[PDB]
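We begin with a single chain expressed as structure tokens, specifically the form deposited in one PDB entry.
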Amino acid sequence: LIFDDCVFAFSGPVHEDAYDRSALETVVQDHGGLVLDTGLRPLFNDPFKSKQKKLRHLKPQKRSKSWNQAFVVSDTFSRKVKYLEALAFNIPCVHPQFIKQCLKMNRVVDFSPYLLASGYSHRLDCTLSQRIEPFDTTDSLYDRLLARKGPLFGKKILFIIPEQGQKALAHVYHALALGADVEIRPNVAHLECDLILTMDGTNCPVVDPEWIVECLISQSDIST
């Protein structure tokens, strides 16, 4: 079975019917690949399980020891949920043509020729490339994700939060996935800080969620 130990999530399509999701999901399943309908989040522990307000960066979930390859499929680059998560996790976003090429070769070929742009940077006004650590035939996804420290690793972020609340949680989730620790508060309260995030309600300094996306698209700490 070609897709043995591979996890797939499917994003978009961005443009109507640029690819047949259901057909491809079926082909993947029929070949030993697991399909995650909601996306890559099940690879990690739910940070919001405790409904806590001071959060540590994400840790790989037990179940991800069971796989060694992951991919998000997309007709082109986007800012949809599954896409950003993948960017956050350093999991390759690839063109559907990858799956078809795997079938054609009766194996899992190198995904690079099908590796989409990471996204469009408004700050830089260009499309950037994804930068993917190669899959090691030695590690499970659990090893890979455990050993990964994202571009925001170490950084301590204060997210100030007095429908819209879920939007905030998503930004927090991305910051955690990039390796930052995040404390959710209503005020700075004179707290020590590396960086402060608001949806836009005094010594860090401050920045909005677009900053997070730039970090996601560029896989860097752009405040640098």
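Residues that one form lacks are left out of the comparison. Numbering starts at 1 and runs along the sequence shown. For clarity, a rigid core is taken as the largest C-alpha set superposing within 1.5 Å between two forms.
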| request: Enter the number of deposited residues without atomic coordinates between residue 162 and residue 163, binned as none, 1 to 3, 4 to 9, or 10 or more. | output: 10 or more
| In this entry, is the chain continuous from residue 201 to residue 202, or are deposited residues missing in between (none, 1 to 3, 4 to 9, 10 or more)? | 4 to 9
| note | Of 50-58 and 35-43, the stretch with the higher mean C-alpha B-factor in the deposited entry is 50-58
| remark: The stretch whose C-alpha atoms carry the larger average B-factor in the entry, 169-177 or 183-191, is 183-191
| In this PDB entry, which of 85, 139, 75, 125 has the top CA B-factor? | 139
| C-alpha B-factor winner, where the candidates are 111, 153, 135, 71 | 135
| With respect to C-alpha B-factor, does residue 80 fall in the lowest, middle or highest third of the chain as deposited? | middle
| task | Could you tell me which third, lowest, middle or highest, the C-alpha B-factor of residue 6 occupies within its chain? | result | middle
| query | Which third of the chain holds residue 144 when residues are ordered by C-alpha B factor: lowest, middle or highest? | reply | middle
| remark: Of the three thirds of Cα B-factor ranks in this chain, residue 107 occupies the highest
| In terms of the CA temperature factor given in the entry, to which third of its chain does residue 18 belong: lowest, middle or highest? | highest
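Unshown form deposited with a partner chain bound; subsequent notes refer to it.
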| Do residue 148 and its partner chain come within 4.5 Å of each other in the deposited complex, heavy atoms counted? | no
| its partner chain contact at residue 24 in the deposited complex, heavy atom, 4.5 Å | no
| Using 4.5 Å between non-hydrogen atoms, is residue 78 touching its partner chain in the deposited complex? | yes
| query | Looking in the deposited complex, any heavy atom of residue 14 within 4.5 Å of its partner chain? | reply | yes
| Answer among 53, 31, 59, 156 for the CA shift between this form and the one not shown that reaches 2 Å or more, rigid core superposed | 53
| query | Moving stretches between this form and the one not shown on a rigid-core fit: which runs of at least three residues all have C-alpha shifts of 2 Å or more? | reply | 51-53
